[PDB]
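Taking it in order: structure first as structure tokens, then the write-up.
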Amino acid sequence: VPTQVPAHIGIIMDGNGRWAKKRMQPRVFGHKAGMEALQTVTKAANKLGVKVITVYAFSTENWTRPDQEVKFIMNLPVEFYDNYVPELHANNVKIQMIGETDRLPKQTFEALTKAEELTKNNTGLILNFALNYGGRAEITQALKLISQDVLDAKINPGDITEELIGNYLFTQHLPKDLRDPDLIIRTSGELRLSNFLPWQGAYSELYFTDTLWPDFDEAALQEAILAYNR
Amino acid sequence: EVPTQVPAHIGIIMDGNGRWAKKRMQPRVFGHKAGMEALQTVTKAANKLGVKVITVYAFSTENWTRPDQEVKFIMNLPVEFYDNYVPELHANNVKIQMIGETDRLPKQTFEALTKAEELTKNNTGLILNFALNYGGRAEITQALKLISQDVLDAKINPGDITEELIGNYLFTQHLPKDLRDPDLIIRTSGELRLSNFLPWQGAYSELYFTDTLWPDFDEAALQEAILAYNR
Ligand SMILES: CC(C)=CCC/C(C)=C/CC/C(C)=C/COP(=O)(O)OP(=O)(O)O
Ligand SMILES: CC(C)=CCC/C(C)=C/CC/C(C)=C/COP(=O)(O)OP(=O)(O)O
């Protein structure tokens, strides 16, 4: 007290399966508890004044998992709209999603878009869902849009700068001093980066903890925000 | 007794040269020569263990802000490395290559690096990859800029733009494709930041952070990192 507080926190949610397996619970059950954890962390971050949280929800590598697990994860955003979005909306939380939408189920996409439309005037923490998201994939579509704007002569290749590429990423919709996470948290002891915000996180502080994501709570968020330092 | 999985490509963020020198009542710059000394040891030790590539982050484009003197001292480093160290890497079958923006390097530095390359270009052992005047976002921007230029020239259709394609335009394009991406990225001196190092290529790397300062990082410390690698 007082610590510097990260304005934008990225979160890689690991341990849902381990958390469920450790408790003699089905694997998928763990992913709902991870969503339960997110409500706690999202509320707690809002209390401390964090401006943005980007949580990695469903990476593009994830579709390989057995259909059932995919079907179960994809239903998660449906209950979140019915059962969780009201409390975040009551807490002034803005919900946004980045990632590839075209390949989502309809019930999932509608629940996400409704959650957005519900909260679009809210002025607190922005909960930014990364769904069907991959960093390399994100940069490639941005490089494609730029190629197409270069052929259309809206921009000359000379106009392509770091500032410019930033305006074409899926995080373009965040305000500019908040587009890049100040901190990226990964739980469950994994020290890999897994294609999460490779551009935007290029200078981020990293925080790795053995705590499993469903066990990550206000206290664990606070252990991470203190440890932020520079 | 059992074998450890060993990373084929190791990225190394060399931190702590200044801390190392201040801790030893030595001038700040002296630590950076010791940082280069550490690199010979680490480079030699990795070659013994069978690592195919090391990309060491030498001079990031943000580093030019430092006092001219420190820059002047670092930039002379590749001259002594050619005279005093490249022969031993060459005797050890080490290939020397550099990635980053060369156009804005001093001439004695660029010439020492390019000769170092030409001397060792046929060597078939570990590839010591110097990242000099390098920044990941800048690397990707030049990669995305050239592609826009090849699309206007109609060499590639916008439809040909894939992840595999962007990979061929990065500074790591000259490496073999199964080796372009580091399997492990080491950062010394306790820093848990990424500092713009291979943002594309390292997207899936295992990370290893150690409090050891770079000039004290040796074969033993390299082995602590290759062991800790796991999958
Ligand atoms: C969009 C939305 C409402 C999200 C709410 C929370 C949610 C759906 C989290 C699931 C994220 C995910 C795929 C975790 C995989 O962990 P894992 O199975 O790799 O964990 P393990 O390493 O223990 O197996
Ligand atoms: C052949 C060749 C190029 C050899 C160079 C070897 C060498 C001196 C590498 C160190 C590069 C560097 C700028 C270190 C500064 O670390 P710091 O202690 O200032 O770290 P910080 O970013 O954590 O402050």
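Numbering starts fresh at 1 for the residues of each chain in the structure tokens, the chains themselves are lettered A, B, ... in the order given, and ligands are numbered from 1 as they appear.
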
Task: Close residues, range 192-208 of chain B itself excluded, 7 Å, only C-alpha atoms, min 2 positions apart in chain, as a PyMOL selection string - done: (chain A and resi 136+191-195+198-199+202-206) or (chain B and resi 135-137+181-187+190+210+225)

Can I get the residues close to ligand 2 as a short mmCIF file (atom, residue, chain, number, x, y, z; two decimals) with N, CA and C atoms, in the first residue's frame, where close means within 6 Å and we count only C-alpha atoms and all ligand atoms?
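Contents of selection-v3.cif, freshly written:
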```
data_model
loop_
_atom_site.label_atom_id
_atom_site.label_comp_id
_atom_site.auth_asym_id
_atom_site.auth_seq_id
_atom_site.Cartn_x
_atom_site.Cartn_y
_atom_site.Cartn_z
N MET B 14 19.80 -10.80 -22.76
CA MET B 14 21.01 -10.61 -21.95
C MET B 14 20.86 -9.41 -21.04
N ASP B 15 20.45 -9.62 -19.80
CA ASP B 15 20.27 -8.49 -18.90
C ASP B 15 21.21 -8.60 -17.72
N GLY B 16 21.58 -7.45 -17.18
CA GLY B 16 22.37 -7.40 -15.98
C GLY B 16 23.81 -6.99 -16.18
N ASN B 17 24.21 -6.57 -17.38
CA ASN B 17 25.59 -6.16 -17.56
C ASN B 17 25.93 -4.98 -16.67
N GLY B 18 25.04 -3.98 -16.63
CA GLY B 18 25.27 -2.84 -15.75
C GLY B 18 25.25 -3.20 -14.27
N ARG B 19 24.23 -3.95 -13.84
CA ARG B 19 24.19 -4.40 -12.46
C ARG B 19 25.45 -5.17 -12.10
N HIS B 32 29.62 -4.96 -20.04
CA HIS B 32 29.18 -5.38 -21.36
C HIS B 32 30.26 -6.17 -22.07
N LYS B 33 31.54 -5.85 -21.85
CA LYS B 33 32.55 -6.74 -22.41
C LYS B 33 32.47 -8.10 -21.74
N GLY B 35 29.71 -9.24 -20.60
CA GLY B 35 28.55 -9.86 -21.21
C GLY B 35 28.92 -10.60 -22.48
N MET B 36 29.79 -10.01 -23.29
CA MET B 36 30.28 -10.68 -24.49
C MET B 36 31.11 -11.91 -24.15
N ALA B 58 21.16 -8.46 -28.64
CA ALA B 58 22.32 -7.60 -28.47
C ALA B 58 21.98 -6.13 -28.27
N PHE B 59 21.42 -5.49 -29.30
CA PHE B 59 21.15 -4.06 -29.22
C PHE B 59 19.74 -3.76 -29.77
N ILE B 74 29.60 -0.13 -26.72
CA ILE B 74 28.95 -1.35 -27.19
C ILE B 74 29.27 -1.60 -28.65
N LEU B 77 32.23 -3.31 -29.58
CA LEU B 77 32.24 -4.70 -29.13
C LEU B 77 32.37 -5.65 -30.32
N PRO B 78 31.57 -5.54 -31.39
CA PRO B 78 31.65 -6.52 -32.48
C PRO B 78 33.02 -6.48 -33.18
N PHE B 81 35.05 -8.65 -30.95
CA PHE B 81 34.56 -10.01 -31.12
C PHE B 81 35.09 -10.63 -32.42
#
```

- [ ] Just the residues within 6 Å of residue 128 in chain A, please, counting only C-alpha atoms, with nothing from its chain fewer than 6 positions along; format it as number ranges by chain.
- [x] A: 53-54, 96-97

Could you save those same residues with C-alpha atoms as a tab-separated table (two decimals), in the first residue's frame?
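Heads up, here's the output in part.tsv:
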```tsv
chain	number	residue	atom	x	y	z
A	53	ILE	CA	-9.00	-6.84	-18.72
A	54	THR	CA	-8.34	-9.07	-21.73
A	96	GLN	CA	-16.31	-6.41	-25.37
A	97	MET	CA	-14.93	-9.24	-27.46
```

Open item on the list: Taking only C-alpha atoms and all ligand atoms into account, list the residues no farther than 6 Å from ligand 1, as a ChimeraX atom specification.
Closed with: /A:13-19,31,34-35,57-58,73,76-77,80

- [ ] Pick out the chain A residues within 10 Å of chain B. Count only C-alpha atoms. Give them as a PyMOL selection string.
- [x] chain A and resi 134-153+156-166+182-184+190-208+228+230

Extract the full set of strand (DSSP E or B) residues from range 116-147 of chain A according to DSSP on the backbone, and format it as a JSON list (two decimals) with N, CA and C atoms, in the first residue's frame.
```
[["chain", "number", "residue", "atom", "x", "y", "z"],
["A", 126, "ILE", "N", -13.41, -2.36, -18.65],
["A", 126, "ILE", "CA", -13.80, -3.05, -19.87],
["A", 126, "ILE", "C", -13.36, -4.51, -19.77],
["A", 127, "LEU", "N", -14.32, -5.43, -19.63],
["A", 127, "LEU", "CA", -13.98, -6.85, -19.69],
["A", 127, "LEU", "C", -13.95, -7.24, -21.17],
["A", 128, "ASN", "N", -12.73, -7.50, -21.69],
["A", 128, "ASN", "CA", -12.49, -7.80, -23.09],
["A", 128, "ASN", "C", -12.25, -9.30, -23.27],
["A", 129, "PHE", "N", -13.24, -9.99, -23.83],
["A", 129, "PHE", "CA", -13.18, -11.43, -24.10],
["A", 129, "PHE", "C", -12.42, -11.72, -25.38],
["A", 130, "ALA", "N", -11.34, -12.47, -25.27],
["A", 130, "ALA", "CA", -10.63, -12.98, -26.44],
["A", 130, "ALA", "C", -11.21, -14.36, -26.77],
["A", 131, "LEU", "N", -12.02, -14.43, -27.84],
["A", 131, "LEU", "CA", -12.65, -15.68, -28.25],
["A", 131, "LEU", "C", -12.35, -15.92, -29.71],
["A", 132, "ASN", "N", -12.02, -17.18, -30.01],
["A", 132, "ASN", "CA", -11.54, -17.56, -31.33],
["A", 132, "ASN", "C", -10.38, -16.67, -31.75],
["A", 133, "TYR", "N", -9.50, -16.38, -30.79],
["A", 133, "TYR", "CA", -8.44, -15.40, -30.96],
["A", 133, "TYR", "C", -7.10, -16.12, -31.02]]
```

Task: Distance in Å - CA of residue 92 in chain B versus CA of residue 44 in chain B - done: 7.6 Å

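Ranking A:32, A:43, A:51, A:21 by their shortest atom-to-atom distance to residue 175 in chain A, with only C-alpha atoms included, puts A:51 first.
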
- [ ] Within 9 Å of residue 210 in chain A, counting only C-alpha atoms, which residues show up once you throw out same-chain ones fewer than 4 positions away? Write them as number ranges by chain, please.
- [x] A: 186-190

Open item on the list: So that I can check the surroundings of residue 97 in chain B, please list as a VMD selection string every protein, DNA and RNA residue that reaches within 10 Å of it, counting only C-alpha atoms and ignoring chain neighbours fewer than 5 positions away.
Closed with: chain B and resid 55 113 to 114 116 to 118 120 to 121 127 to 131 174 to 175

Take the residues that were just selected and, keeping C-alpha atoms, output them as a CSV table (one decimal), in the first residue's frame.
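Final output, saved to again31.csv:
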```csv
chain,number,residue,atom,x,y,z
B,55,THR,CA,19.3,-15.6,-31.0
B,113,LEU,CA,29.9,-8.4,-38.3
B,114,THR,CA,29.8,-9.0,-42.1
B,116,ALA,CA,32.4,-12.6,-39.2
B,117,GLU,CA,29.6,-13.9,-41.3
B,118,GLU,CA,31.7,-14.4,-44.4
B,120,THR,CA,32.0,-18.7,-40.9
B,121,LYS,CA,29.4,-19.0,-43.6
B,127,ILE,CA,24.1,-20.8,-35.4
B,128,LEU,CA,25.0,-17.8,-33.2
B,129,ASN,CA,22.3,-15.3,-34.2
B,130,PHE,CA,23.0,-11.7,-33.3
B,131,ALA,CA,19.9,-9.5,-32.9
B,174,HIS,CA,17.1,-17.0,-43.4
B,175,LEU,CA,16.9,-19.8,-40.8
```

- [ ] Name all residues at most 7 Å from residue 92 in chain A (count only C-alpha atoms; drop same-chain ones fewer than 6 positions away) and give them as JSON, numbers by chain.
- [x] {"A": [122, 123, 124]}

How would the residues just chosen look if you wrote them out with C-alpha atoms as a PDB file, in the first residue's frame?
```pdb
ATOM      1  CA  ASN A 122     -21.120   1.545 -19.208  1.00  0.00           C
ATOM      2  CA  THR A 123     -18.054   3.549 -18.196  1.00  0.00           C
ATOM      3  CA  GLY A 124     -16.148   1.222 -15.831  1.00  0.00           C
TER       4      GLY A 124
END
```

Task: Straight-line distance linking CA of residue 48 in chain A with CA of residue 227 in chain A, stated in Å to one decimal - done: 14.6 Å

Quick one: residues within 12 Å of residue 227 in chain B, only C-alpha atoms, excluding same-chain residues fewer than 3 positions away - as a PDB file with N, CA and C atoms, in the first residue's frame?
```pdb
ATOM      1  N   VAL B   2      18.912 -40.211 -17.096  1.00  0.00           N
ATOM      2  CA  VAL B   2      17.796 -39.999 -18.030  1.00  0.00           C
ATOM      3  C   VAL B   2      18.106 -38.765 -18.871  1.00  0.00           C
ATOM      4  N   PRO B   3      17.659 -38.694 -20.113  1.00  0.00           N
ATOM      5  CA  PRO B   3      17.966 -37.515 -20.926  1.00  0.00           C
ATOM      6  C   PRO B   3      16.904 -36.427 -20.842  1.00  0.00           C
ATOM      7  N   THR B   4      17.366 -35.181 -20.929  1.00  0.00           N
ATOM      8  CA  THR B   4      16.413 -34.086 -20.960  1.00  0.00           C
ATOM      9  C   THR B   4      16.186 -33.677 -22.388  1.00  0.00           C
ATOM     10  N   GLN B   5      14.946 -33.313 -22.642  1.00  0.00           N
ATOM     11  CA  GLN B   5      14.578 -32.614 -23.851  1.00  0.00           C
ATOM     12  C   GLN B   5      15.375 -31.315 -23.928  1.00  0.00           C
ATOM     13  N   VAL B   6      15.979 -31.043 -25.083  1.00  0.00           N
ATOM     14  CA  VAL B   6      16.862 -29.894 -25.269  1.00  0.00           C
ATOM     15  C   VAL B   6      16.246 -28.976 -26.323  1.00  0.00           C
ATOM     16  N   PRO B   7      16.160 -27.671 -26.076  1.00  0.00           N
ATOM     17  CA  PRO B   7      15.619 -26.762 -27.095  1.00  0.00           C
ATOM     18  C   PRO B   7      16.506 -26.560 -28.317  1.00  0.00           C
ATOM     19  N   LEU B  49      26.088 -29.134 -26.201  1.00  0.00           N
ATOM     20  CA  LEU B  49      24.826 -29.833 -25.959  1.00  0.00           C
ATOM     21  C   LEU B  49      24.000 -30.061 -27.215  1.00  0.00           C
ATOM     22  N   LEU B 184      12.903 -21.992 -26.636  1.00  0.00           N
ATOM     23  CA  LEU B 184      13.104 -21.461 -25.303  1.00  0.00           C
ATOM     24  C   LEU B 184      13.599 -20.032 -25.422  1.00  0.00           C
ATOM     25  N   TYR B 208      12.013 -18.911 -19.523  1.00  0.00           N
ATOM     26  CA  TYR B 208      12.844 -19.214 -18.357  1.00  0.00           C
ATOM     27  C   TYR B 208      13.401 -17.920 -17.814  1.00  0.00           C
ATOM     28  N   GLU B 219      27.990 -22.192 -18.609  1.00  0.00           N
ATOM     29  CA  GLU B 219      27.515 -23.531 -18.966  1.00  0.00           C
ATOM     30  C   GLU B 219      26.598 -24.116 -17.882  1.00  0.00           C
ATOM     31  N   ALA B 220      26.960 -23.955 -16.610  1.00  0.00           N
ATOM     32  CA  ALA B 220      26.118 -24.487 -15.550  1.00  0.00           C
ATOM     33  C   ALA B 220      24.741 -23.830 -15.567  1.00  0.00           C
ATOM     34  N   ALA B 221      24.697 -22.502 -15.687  1.00  0.00           N
ATOM     35  CA  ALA B 221      23.404 -21.832 -15.767  1.00  0.00           C
ATOM     36  C   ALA B 221      22.634 -22.202 -17.043  1.00  0.00           C
ATOM     37  N   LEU B 222      23.332 -22.373 -18.179  1.00  0.00           N
ATOM     38  CA  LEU B 222      22.676 -22.838 -19.403  1.00  0.00           C
ATOM     39  C   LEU B 222      22.060 -24.203 -19.171  1.00  0.00           C
ATOM     40  N   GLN B 223      22.769 -25.061 -18.462  1.00  0.00           N
ATOM     41  CA  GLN B 223      22.232 -26.378 -18.192  1.00  0.00           C
ATOM     42  C   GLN B 223      21.032 -26.314 -17.256  1.00  0.00           C
ATOM     43  N   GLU B 224      21.033 -25.406 -16.271  1.00  0.00           N
ATOM     44  CA  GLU B 224      19.817 -25.217 -15.473  1.00  0.00           C
ATOM     45  C   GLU B 224      18.623 -24.814 -16.325  1.00  0.00           C
ATOM     46  N   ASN B 230      11.708 -28.923 -19.920  1.00  0.00           N
ATOM     47  CA  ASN B 230      10.497 -29.812 -19.966  1.00  0.00           C
ATOM     48  C   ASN B 230       9.970 -29.827 -21.404  1.00  0.00           C
ATOM     49  N   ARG B 231       8.658 -29.680 -21.633  1.00  0.00           N
ATOM     50  CA  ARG B 231       8.101 -29.809 -22.991  1.00  0.00           C
ATOM     51  C   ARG B 231       8.240 -28.507 -23.764  1.00  0.00           C
TER      52      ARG B 231
END
```

TODO: Report the distance between CA of residue 40 in chain A and CA of residue 8 in chain A in Å, rounded to one decimal place.
DONE: 16.9 Å
